[PDB]
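Given next, in C-alpha cells, is a single chain: the form deposited in one PDB entry.
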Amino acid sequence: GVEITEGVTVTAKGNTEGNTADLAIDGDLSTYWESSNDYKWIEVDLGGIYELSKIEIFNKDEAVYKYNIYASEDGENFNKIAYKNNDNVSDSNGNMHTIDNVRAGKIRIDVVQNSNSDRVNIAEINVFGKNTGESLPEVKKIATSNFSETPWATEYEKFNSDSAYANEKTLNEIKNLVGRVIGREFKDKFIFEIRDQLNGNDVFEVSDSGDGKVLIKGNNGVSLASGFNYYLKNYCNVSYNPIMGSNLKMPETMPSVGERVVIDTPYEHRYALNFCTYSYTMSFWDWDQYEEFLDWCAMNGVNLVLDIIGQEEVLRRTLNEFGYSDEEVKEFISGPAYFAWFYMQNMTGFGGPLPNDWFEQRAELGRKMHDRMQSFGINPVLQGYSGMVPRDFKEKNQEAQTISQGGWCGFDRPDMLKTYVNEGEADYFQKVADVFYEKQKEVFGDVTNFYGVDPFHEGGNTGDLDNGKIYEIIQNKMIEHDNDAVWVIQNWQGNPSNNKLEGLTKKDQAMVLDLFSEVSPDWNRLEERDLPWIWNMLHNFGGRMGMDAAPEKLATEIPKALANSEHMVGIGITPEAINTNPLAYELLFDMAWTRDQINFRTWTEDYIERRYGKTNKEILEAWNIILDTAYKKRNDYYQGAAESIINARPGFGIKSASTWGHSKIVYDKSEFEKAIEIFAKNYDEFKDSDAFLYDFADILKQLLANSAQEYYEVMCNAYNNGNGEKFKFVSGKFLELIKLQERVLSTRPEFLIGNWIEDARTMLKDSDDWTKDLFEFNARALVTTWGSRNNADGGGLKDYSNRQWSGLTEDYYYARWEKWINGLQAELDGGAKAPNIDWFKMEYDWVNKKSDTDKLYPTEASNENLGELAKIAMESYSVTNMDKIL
C-alpha cells in the first residue's frame, strides 16, 4: 500500500471493438481491455513517480495468462520489474506481484500468452506504492545529425576531391584489411599500388618485390583485396571466410610469386545481397561483423552491395513531412528482424516498435559503412521510391490517391500511391518521392548512383494503372534526383512482367538482377529487351541448412552466359541468408575472373586443400562423393537445401518443413554416408583445421537428417499397421537420433541459438529490458513461427526459416516430435485417440520466453568429438546399417 487511485491514465496500440485501454483501469472487473493485433501491451502513467511495492492484475476469465511487467522513472528506459510465467489459471482473486520498492512514473504490461485465445486481456490493474513527490522528466525528441554537419561529410568530400588523399586512404585500408584477416605481423610483407584498368576492366597484379615482399596492384580497393586473396589462395594455401570457416595459417616464410600474374574481370559489377539477407542473417550485426563481411566482399571481387542500414531514419524524416509523428512512424516500421519485407512493401509494424535510440545509431552505422565502401570502391545500392505509404495516408493527406495492396502472408501490405493521377488531382507520388530522395541525401549524402526499389513484390495490386507507365514514372522520378541513377530491379518468377520492363524508357539506367540463375534462369527476356542484367546465384532460402550447391553449373553456365549475351554486366549472389555451403560462394565469385568454363572437380580439389591447410587421397575421395551426391548437378526446380524432417511440424506424409520447401533427397543416402566414414577415419589428422571441423559437422548433421527421414517412414508404418511395440522402438530410436544430432550441432559456434539471441539482445548499447526482450522476440519468432498465428498458419510462413541449430533442436524440434510420438503411443496402447495438437500455440510459447527469466542459451560450443559422433551415427543411426539397427 497505498493504492494509487487518482491521476492514472493508460494507452494501448490496439483493441477489439468496445474493449478499450481505459477499461483496464476503471475499477470494474466486468469491463476489460482486449488486444486486436500483435501489440499485446498497455502503458500506464501513474500521474507521478511512486516507489512501487505491489502490482495486482485481473483477467476477464479463468484462462492461463503469462505476462511481463516493466517500469520507468525517466520516461525513456523501461526495465522489467515483475512477470508471470507459471501455469496457474487466473481467477476472481487476481494475481498479486511484489515489487522491490522500485521508482516508476510509468508501467508497461505485456501479456504474451493466453491459453484460451490469440487475444489477451486485462480486466483491472491496481498499482500500490509511495508517492515520491516527483514527476517524469520530459522525453527527448528523436533528433539526428544531417550528413553535411558531420565529420563523415568532410572525409567523404576529401576522398572525392583529393586523389592523393584518396589513394593514401585506400592503400592504408587494404593494409588494415591484411592485418584484420591474417594478423598485424603480415602487413609489412606487402606493397600495394594503384594502377589503371586493363582495357576498361577491373584488374589486379601479383608479383615479387625483389626483397621478399609481395607487390600487389589493382585499379581500386576491391581489385587490391582480390589480388591479396588470390595470393593467399594460390601461393599460401590460405582460405578466408569469416562466416563459414577459414584456414588462416600462414607459411613460415612468405612464398615467392615467381612469374608475375595479371588478372582482369570482364564484369562491371559483382553484386551481393538479397533484401532477405538483412533479416535472416544480418538483423543483429554490429560494425565488427559488417567490417568483417566487407573485407570478405572486397577479397571476393564484390563491388555492388545492397544497403538498407539506417533507412528507418530516412523514412522517419519523409513521413514526418506528411502528417506522421515519430511514434506513428515507429508503428509503421517493423522490428529489427523484419526489414527485408518492410522495405519490399510486404508487411508493417510486426516486431516493433523500434526504440527511439534506433535512428541515430543506425544512421551512424550506415555512414560508417559508406566510408569503408568508398575506400574499397564498393558501390552501395540505396533506396528508390515506388509509392509505399501507410494505410492511413489519405486520412492525414486527404487529396492523396492510393491503391490498396491487400495481404501478404496474413500481414496487411502498406498502401501504394497512384504513380500518376488525373489532371485536377494532387499528385502525391511526386510530392512524397521528391521528399524521400531529398531526405535520403540529408541522412547519407551523395554516396551512390544505384537505387533499389521493387513494387509488387510477391503480389499487391496495380489498381487502374498501366504497368509500363508505372515503371516509366518511377524511373523518371529517380533520374530527376540523380541524372546518373541506375534502378536496380529484382527479377523473381517472371515479375516484373515484360510490359512493366518495356516501360523503362532509359534502358541504360536500369539493371535487372536475374535472381535465381543457378536453378531457374530468366535473363533471356531481359537480354532481348536490351536491359543490363546480372547473373545471380540464389542458393539459400530462409537460412535453411543442408548440403546443397551447384558447382558444375557455376563453373560452366556463367562463362556460357557471357559468350551468349551482349547485356550481361555482372554476376553476384542473392541469398536469403549467408550461413551455408561456403564452396558455392567461393566458386561463384571466382567465376568473375575468367571468360572460360572451368573444371569444377579439379577446382574443388584445390579448394579443399587450402580450406583444410592440407589434403590427402581419402579426403579427396570423400569430396568427390559429395560432388557425386549432394552437390551433383540437377535440372529440376527446388528452393534451397532439402529440409530435415526433424525440423518439420510432426504429422503423417510430411514432404517438407516449410510451405515452399522440399525434403526429397535426390542422391543415394548410403553413398553419401561413405563421405562421413572417410571424415571420421581422417579426423585425428585433420582436427587442427576449424574449416575441416565445420565441414565434418555439416555432412554429419546431413547424415542424421537423411536417416531420420527413413526412421520416420518406418514408425509411420508401425503406427498404421497398429504395431505399438514396434512404434515404441523405432520412435525411441528416432528421438535418440535427434539427441545425437543436438550433440553434433553443439560443436559449432555458428549453429548455436544462443549467439543469434544474445546478438539480438546486445546489438544496441544501453538498451532497457523492454528493448532487449522485444529484440529477443524478433530473434525467436523469425526462425520459428515467423509471424503470429495468421502469418505462420494461414499465411504459410511456419518454419520457413528453420535452422538445424543447437538449443533450438532440443527445446523446440525435439519437443514437438516427442509430444506427437507420445500421443500416438497412448492411442496404440489402448488409450483415447490422439488429440489434434495446436502446433502454433506450443511454438509461440517458446518464441515468447526471455533469456533473463527463463533459460539462457550458451554462446560457447562444446568439445564433442565429431569423429566419435560419426562412429555412433554409422553404428546406431545410419541408413547403411538400418536393417541391423531396426
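Counting begins at 1, following the sequence as shown.
Omitted from view is the form deposited with a small molecule bound, to which the following refers.
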Using a 4.5 Å heavy atom cut-off, state whether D514 contacts the small molecule in the bound PDB entry. no
is_contact(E576, the small molecule) in the bound PDB entry, heavy atom dist at most 4.5 Å: yes
May I ask you to state whether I608 is within 4.5 Å of the small molecule in the bound PDB entry, using heavy atom distances? no
Would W408 count as touching the small molecule in the bound PDB entry under a 4.5 Å heavy atom rule? yes
Which among 388-396, 452-460, 282-290, 375-383 is in contact with the small molecule in the bound PDB entry, heavy atoms within 4.5 angstroms? 452-460
Contacting member of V486, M547, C276, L808, with respect to the small molecule in the bound PDB entry [4.5 Å, heavy atom]: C276
Which one, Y230, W603, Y712, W492, lies within 4.5 Å of the small molecule in the bound PDB entry by heavy atoms? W492
